[PDB]
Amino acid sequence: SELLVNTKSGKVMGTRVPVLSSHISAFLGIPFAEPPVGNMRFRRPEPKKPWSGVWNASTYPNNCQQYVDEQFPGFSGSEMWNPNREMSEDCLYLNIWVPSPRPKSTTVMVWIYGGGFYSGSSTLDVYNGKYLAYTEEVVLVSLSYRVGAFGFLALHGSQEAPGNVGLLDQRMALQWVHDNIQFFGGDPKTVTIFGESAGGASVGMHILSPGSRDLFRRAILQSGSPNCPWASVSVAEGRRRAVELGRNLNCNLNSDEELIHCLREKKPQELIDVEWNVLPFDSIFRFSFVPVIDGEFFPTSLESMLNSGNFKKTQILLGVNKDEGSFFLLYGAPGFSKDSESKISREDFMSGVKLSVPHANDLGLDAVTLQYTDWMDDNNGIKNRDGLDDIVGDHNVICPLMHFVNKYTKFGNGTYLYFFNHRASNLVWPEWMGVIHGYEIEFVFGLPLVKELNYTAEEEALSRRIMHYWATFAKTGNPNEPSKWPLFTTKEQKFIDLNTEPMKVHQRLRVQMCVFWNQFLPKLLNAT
């Protein structure tokens, strides 16, 4: 039995699944920690106690408790990101697809979902690992981690809610993979972590954090990086937001112990109903409970670690999509709709910029406005919409990433940078939204290989080229087999487009805007 595997914590029984005219083994819902319920809510995870008997790993697990998006109910485009199982605090499980026949000690890839640290699930259709596992002969793992207040409530100095527990969830699944993946045909010495949005930030946080470094080999970051402005907060802002969650729910605030005790008595969705209330500003692309810069998981500030080379030195493959900003504008900024072209007045432009840079003084806002307005044609709806689209994507994803890539490449052992700009032929979102945050994932996970999902043949070919770059990179530290994706170097700053056309190599991704965002604006905000 291929399907019956003994792990360090007990036996597990998977299920044989179909993929593209063949089959593979899937092991769904394997527990890697004790359920973090009751008194364990907000605590570091504990390893799962060994169980007797056979764990039924034939079906997907619960998803962690999270804010459910109801903006477009029944709309496929938004529903595909929402949980597709029952939500429960009992949600620390992982999932594994193993090629049939079982390999000997093959390359392992562990997927870390995004969703702004406030949402996500391991079980979504677009994260189905069976296509990538099959086509590339890797052992594919998806983990899960607490999100929202559950994962990231931070009262620094309490051991009861220390912060960063969702990251430590991640770290325990990786520890689990290190310990057990050899029984499924993986090499624990050849594991790649990869993920998107807060998942890509997560990946980079494990590159940084000393307790996480030795649990993987190399890394892929899609549309996220550790240093994103939404991806972390100071101990003092986490403490303020935690206390404010308390005040929103009429908690006793006299000490950490009484606050924590009161928050532990509330049902999950009571916390989620006030979660957004703790944000200190009106905004877009900001999340309430995120990683905290604590001196433990992160021993010093991210920038100082990045300048000093205090981070895992290995190979990384990362990149961005063309219009990262668009869905955040749709969901939170005035003048945008999924049923129109979303031409934006000048008034709505200016309000969108305040939302996008909520921490900027007036001089700050003026700077952004200035950098992104065509003053010959400032009442042009299309230019205002697209200029605000670039603000949001440059500020939140692209420029944070180009900073990370430049800092990392100084010490690293090799960097491959992409720019994903294919708009899929079957997209249900409107044209104006372009190449959307998250929409490279379907290609990574091989979904265009499924004829019933109505992708073009050229899209199947692109997904295959992407899968092979990613799996090759995972296996060898180099996405190219022995036409060529070059190494990004400090000197030449090369990157490739990723679309259906023949591969073009460019240099200096978004340098002009990235200088503004990485060098001038911070300098101005620090001076004023």
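Take the two forms, find the largest set of C-alpha atoms that superpose within 1.5 Å, and that set is the rigid core. Each residue number is its position in the shown sequence, starting from 1.
Colleague: Comparing 308-316 with 278-286, which has C-alphas lying farther from the shown form in 9 other deposited structures of this protein once the core is aligned?
Modeller: Higher average C-alpha offset in 9 other deposited structures of this protein goes to 278-286.
Colleague: Taking C-alpha RMS after core alignment, which stretch differs more from the shown form in 9 other deposited structures of this protein: 51-59, or 495-503?
Modeller: When 51-59 and 495-503 are compared in 9 other deposited structures of this protein, 51-59 lies farther out.
Colleague: What does the record say about the segment between residue 482 and residue 483: how many deposited residues are without coordinates (none, 1 to 3, 4 to 9, 10 or more)?
Modeller: 4 to 9 residues lack coordinates between residue 482 and residue 483.
Colleague: Quick one: higher average CA temperature factor, 20-28 or 507-515?
Modeller: For C-alpha atoms only, the mean B-factor is higher in 20-28.
Colleague: Can you tell me whether 410-418 has a higher mean C-alpha B factor than 393-401 in this record, or the other way round?
Modeller: Per the PDB entry, the higher value belongs to 410-418.
Colleague: Choose from 223, 379, 192, 227 the residue with the greatest Cα B-factor as stated in the PDB record.
Modeller: The C-alpha B-factor peaks, among 223, 379, 192, 227, at 379.
Colleague: Between 100, 164, 175, 88, which one tops the list for C-alpha B-factor in the PDB entry?
Modeller: The record points to 100.
Colleague: By the record's CA B-factor, is residue 277 among the lowest, middle or highest third of residues in the chain?
Modeller: Middle third of the chain for residue 277's C-alpha B-factor.
Colleague: Lowest, middle or highest third: where is residue 50 by Cα B-factor in its chain?
Modeller: Highest third.
Colleague: Comparing against every modelled residue in the chain, figure out the third that the C-alpha B-factor of residue 58 lands in (lowest, middle or highest).
Modeller: Highest third - that is where residue 58 ends up once the chain's C-alpha B-factors are sorted.
Colleague: Could you look up the Cα B-factor of residue 66 in the entry and say which third of the chain it sits in: lowest, middle or highest?
Modeller: Within its chain, residue 66 is a lowest-third residue by C-alpha B-factor, going by the deposited values.
Colleague: Lowest, middle or highest third of the chain for the C-alpha temperature factor of residue 42?
Modeller: CA B-factor rank for residue 42: lowest third.
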